[PDB]
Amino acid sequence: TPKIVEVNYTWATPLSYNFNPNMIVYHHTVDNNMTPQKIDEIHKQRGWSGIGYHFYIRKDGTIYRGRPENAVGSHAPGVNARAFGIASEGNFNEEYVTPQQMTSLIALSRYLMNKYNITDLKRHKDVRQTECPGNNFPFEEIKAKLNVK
């Protein structure tokens, strides 16, 4: 089972648990050097309860929990009730996922896919107009390693 680091959050507004995931959406953070706590602060400024992603993967491969696994997130308006959101630290218009981020992306994705019977993997740019998760985000390689077509 991948190592998920639990984080102490204080949620500003009520979380909804009317969450029925059938999709994983991949994100980049654009900004580097952010703790999950810093993301949570920014997401609170934007009027969300707190960190909008269900998971945040830092450059050294550490997987932090964001939103509770059974709560609706704030990462992709229009699919939030049906999508896990997985963020990777970086701006992948300008750099590449680290090998440790790739290892964690595959492990976390397969965990969620098996646990929830999910086969639908999407980039944020596949569901909304955005450059996220960045030009160099290795989407086709992730799908290939997970045997998704």
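Don't overthink the numbering: it's just position in the shown sequence, from 1.
> Going by the average Cα B-factor in the PDB entry, point out whether 1-9 or 140-148 comes out higher.
Comparing 1-9 with 140-148, the higher mean C-alpha B-factor belongs to 1-9.
> Could you check which stretch, 84-92 or 58-66, carries the larger mean CA temperature factor in the entry?
Comparing averages over the C-alpha atoms only gives 58-66.
> Specify which of 121, 34, 112, 51 carries the largest Cα B factor in the deposited PDB entry.
In this record, 34 carries the highest C-alpha B-factor of the candidates.
> Taking the chain's C-alpha temperature factors as the reference, tell me which third residue 24 falls into: lowest, middle or highest.
It falls in the bottom third of the chain.
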